[PDB]
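Colleague: Take this structure, written in structure tokens, and hold onto it; I'll ask about it next.
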Amino acid sequence: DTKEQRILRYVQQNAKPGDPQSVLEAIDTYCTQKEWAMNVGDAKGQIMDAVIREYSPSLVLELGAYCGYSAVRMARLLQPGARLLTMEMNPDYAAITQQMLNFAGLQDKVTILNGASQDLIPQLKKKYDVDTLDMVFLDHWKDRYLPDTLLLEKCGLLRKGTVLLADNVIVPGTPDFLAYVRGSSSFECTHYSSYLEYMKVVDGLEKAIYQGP
Ligand SMILES: O=C(NC/C=C/[C@H]1O[C@@H](n2cnc3c(NCCO)ncnc32)[C@H](O)[C@@H]1O)c1cc(-c2ccc(F)cc2)cc(O)c1O
Ligand SMILES: [Cl-]
Ligand SMILES: [Cl-]
Ligand SMILES: [Mg+2]
């Protein structure tokens with residue numbers, strides 16, 4: 001089987017159903033003690049938690065679910081009625097993510113869309129009845145952060161105040177995205193220095209608040 005499958009199976013073997021914290025702890029323990037994986041991790045995860053609590057978003061979009069770690073992190077802090085949409089192009093990983101959310105008991109708060117962001121983003125208004133997004137978490141292929149940011153704007157999905165939160169702006173890095181948002185009058189940016197998941201390597205999150213056209 002695969003590492004992701006091994007991570008899910010460890011969660012099922014060990015964690016408690018309906019308890020999102022126990023799910024996050026299990027994943028952290030497995031990835032610290034057994035096999036590293038590219039979950040956002042606890043260091044950056046705590047920063048994400050603080051952002052989520054600050055802005056209290058009603059509708060969050062995640063690009064790149066992977067195994068569902070960040071989806072569990074975010075969804076457990078949403079106010080009743082608030083929702084997360086997460087896009088994952090790898091069908092195997094989309095299934096892992098759905099099962100992770102099911103185990104955590106968060107399935108009513110989250111929709112896991114199996115497809116590529118460039119294909120799904122243009123469908124959000126008509127097919128998923130989205131007006132605008134309150135927050136976007138970017139954590140997919142690093143060379144797609146900028147194209148997808150620009151596509152979200154083209155599609156009318158950003159509003160004045162939409163919070164973009166981008167993982168991995170140091171390692172692996174997203175140099176075009178980071179230069180773009182920091183140089184644009186349409187974004188107000190804040191850098192949160194942290195550490196690569198499960199590693200003593202500096203990384204960080206960038207928050208970029210959309211200012212309108
Ligand atoms: O590469 C990293 N992330 C990529 C994420 C991929 C996930 O997102 C999914 N995905 C990709 N593109 C899209 C897409 N749209 C675009 C494609 O059409 N639409 C939907 N889903 C998409 C994939 O299927 C995966 O589930 C990374 C690396 C390190 C790292 C650091 C240090 C190292 F030494 C090694 C690695 C640390 C991290 O935190 C990282 O996030
Ligand atoms: Cl994650
Ligand atoms: Cl960590
Ligand atoms: Mg990441």
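Ligands are numbered from 1 in the order shown, chains are lettered A, B, ... in the order of the structure tokens, and residues start at 1 in each chain.
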Which residues in stretch 31-208 of chain A does DSSP call helix (DSSP H, G or I)? List them as number ranges by chain.

Modeller: A: 31-33, 41-55, 69-75, 91-104, 117-127, 142-154, 169-173, 175-183

Colleague: Can I get the residues of chain A within 7 Å of ligand 1, each with the closest pair of atoms and their distance in Å to one decimal, using only C-alpha atoms and all ligand atoms, sorted chain first then ascending number, as CSV?

Modeller:
residue,atom,partner,partner_atom_place_in_ligand_line,distance
A:38,CA,ligand 1,38 (C),4.5
A:39,CA,ligand 1,39 (O),5.8
A:40,CA,ligand 1,39 (O),5.3
A:63,CA,ligand 1,20 (C),5.6
A:64,CA,ligand 1,8 (O),3.3
A:65,CA,ligand 1,26 (O),5.5
A:66,CA,ligand 1,26 (O),3.4
A:67,CA,ligand 1,26 (O),7.0
A:87,CA,ligand 1,20 (C),4.8
A:88,CA,ligand 1,21 (N),3.6
A:89,CA,ligand 1,21 (N),4.0
A:90,CA,ligand 1,24 (O),4.4
A:93,CA,ligand 1,26 (O),6.0
A:115,CA,ligand 1,20 (C),5.9
A:116,CA,ligand 1,19 (N),3.6
A:117,CA,ligand 1,19 (N),3.9
A:118,CA,ligand 1,15 (N),6.0
A:139,CA,ligand 1,41 (O),5.1
A:140,CA,ligand 1,5 (C),3.7
A:141,CA,ligand 1,4 (C),4.2
A:142,CA,ligand 1,4 (C),6.4
A:144,CA,ligand 1,16 (C),5.6
A:167,CA,ligand 1,39 (O),6.4
A:168,CA,ligand 1,39 (O),5.6
A:171,CA,ligand 1,31 (C),5.5
A:172,CA,ligand 1,31 (C),5.2
A:196,CA,ligand 1,31 (C),6.8
A:197,CA,ligand 1,39 (O),6.7

Colleague: Quick one: write out the picked residues with C-alpha atoms as a tab-separated table (two decimals), in the first residue's frame?

Modeller:
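As a result, out.tsv now contains:
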chain	number	residue	atom	x	y	z
A	38	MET	CA	3.61	16.90	3.45
A	39	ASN	CA	0.74	17.76	5.82
A	40	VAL	CA	0.85	21.39	6.97
A	63	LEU	CA	-6.56	23.95	-3.01
A	64	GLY	CA	-4.77	20.61	-2.51
A	65	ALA	CA	-6.34	18.49	0.25
A	66	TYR	CA	-3.75	15.72	0.20
A	67	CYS	CA	-4.81	13.48	3.13
A	87	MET	CA	-10.14	20.42	-4.20
A	88	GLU	CA	-7.94	17.40	-4.74
A	89	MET	CA	-7.03	16.21	-8.21
A	90	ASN	CA	-5.57	12.82	-7.19
A	93	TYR	CA	-5.95	11.23	-2.14
A	115	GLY	CA	-10.70	17.34	-9.77
A	116	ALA	CA	-8.08	19.91	-10.77
A	117	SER	CA	-8.59	23.47	-9.51
A	118	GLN	CA	-8.25	24.95	-12.98
A	139	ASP	CA	-1.35	24.21	-0.65
A	140	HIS	CA	-1.24	22.47	-4.04
A	141	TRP	CA	1.51	22.49	-6.67
A	142	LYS	CA	3.60	25.60	-5.95
A	144	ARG	CA	-0.11	26.90	-9.54
A	167	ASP	CA	1.61	27.39	2.60
A	168	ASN	CA	5.25	26.78	1.76
A	171	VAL	CA	10.17	25.76	1.21
A	172	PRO	CA	9.62	24.60	-1.40
A	196	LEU	CA	8.41	22.98	7.73
A	197	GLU	CA	6.12	20.22	8.92

Colleague: Need to verify the contact set: residue A:137, 6 Å, only C-alpha atoms, exclusion of same-chain residues closer than 4 positions in sequence. Can you return it as an MDAnalysis selection string?

Modeller: chainID A and resid 62 165:166

Colleague: Please dump the current selection as a PDB file, in the first residue's frame; keep C-alpha atoms.

Modeller:
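Once written, again_26.pdb looks like this:
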ATOM      1  CA  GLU A  62      -8.726  24.781  -0.005  1.00  0.00           C
ATOM      2  CA  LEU A 165      -3.359  31.962   3.100  1.00  0.00           C
ATOM      3  CA  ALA A 166      -0.476  30.244   1.296  1.00  0.00           C
TER       4      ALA A 166
END

Colleague: So which bits of stretch 63-176 of chain A end up strand (DSSP E or B) when you DSSP the backbone, as a list in words?

Modeller: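 Filtering stretch 63-176 of chain A down to strand (DSSP E or B) leaves residues 63, 83, 84, 85, 86, 87, 88, 110, 111, 112, 113, 114, 135, 136, 137, 138, 163, 164, 165 and 166 of chain A.
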
Colleague: Create the file for the chosen residues now, containing C-alpha atoms and written as an mmCIF file, in the first residue's frame.

Modeller:
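Contents of out_17.cif, freshly written:
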data_model
loop_
_atom_site.group_PDB
_atom_site.id
_atom_site.type_symbol
_atom_site.label_atom_id
_atom_site.label_comp_id
_atom_site.auth_asym_id
_atom_site.auth_seq_id
_atom_site.Cartn_x
_atom_site.Cartn_y
_atom_site.Cartn_z
ATOM 1 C CA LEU A 63 -6.561 23.950 -3.011
ATOM 2 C CA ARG A 83 -18.431 25.439 5.131
ATOM 3 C CA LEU A 84 -15.179 24.276 3.554
ATOM 4 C CA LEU A 85 -14.733 23.242 -0.068
ATOM 5 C CA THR A 86 -11.506 21.387 -0.786
ATOM 6 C CA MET A 87 -10.138 20.423 -4.196
ATOM 7 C CA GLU A 88 -7.942 17.400 -4.743
ATOM 8 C CA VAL A 110 -16.800 19.870 4.109
ATOM 9 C CA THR A 111 -17.195 19.101 0.409
ATOM 10 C CA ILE A 112 -14.269 17.254 -1.142
ATOM 11 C CA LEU A 113 -14.164 17.846 -4.888
ATOM 12 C CA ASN A 114 -12.128 15.342 -6.915
ATOM 13 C CA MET A 135 -10.829 32.550 2.667
ATOM 14 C CA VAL A 136 -8.638 30.471 0.367
ATOM 15 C CA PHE A 137 -5.910 28.121 1.593
ATOM 16 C CA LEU A 138 -3.290 27.431 -1.106
ATOM 17 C CA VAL A 163 -8.145 36.142 2.930
ATOM 18 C CA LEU A 164 -5.625 34.120 0.946
ATOM 19 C CA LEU A 165 -3.359 31.962 3.100
ATOM 20 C CA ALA A 166 -0.476 30.244 1.296
#

Colleague: Atom CA of residue A:207 and atom CA of residue A:191 are how many Å apart?

Modeller: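 Computing the Euclidean distance for atom CA of residue A:207 and atom CA of residue A:191 yields 6.4 Å.
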
Colleague: Go through A:59, A:100, A:8, A:169 one by one, measure the shortest atom-to-atom distance of each to residue A:143 using only C-alpha atoms, and give the residue with the smallest value.

Modeller: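 For residue A:143, the nearest of the given residues is A:169.
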
Colleague: For stretch 2-5 of chain A, work out the shell of residues within 12 Å, counting only C-alpha atoms and skipping chain neighbours fewer than 4 positions away, then give it as a list in words.

Modeller: residues 9, 10, 11, 12, 13, 27, 30, 31, 34, 35, 36, 37, 38, 39, 65, 66, 67, 68, 69, 90, 92, 93, 94, 95, 96, 97, 99 and 100 of chain A
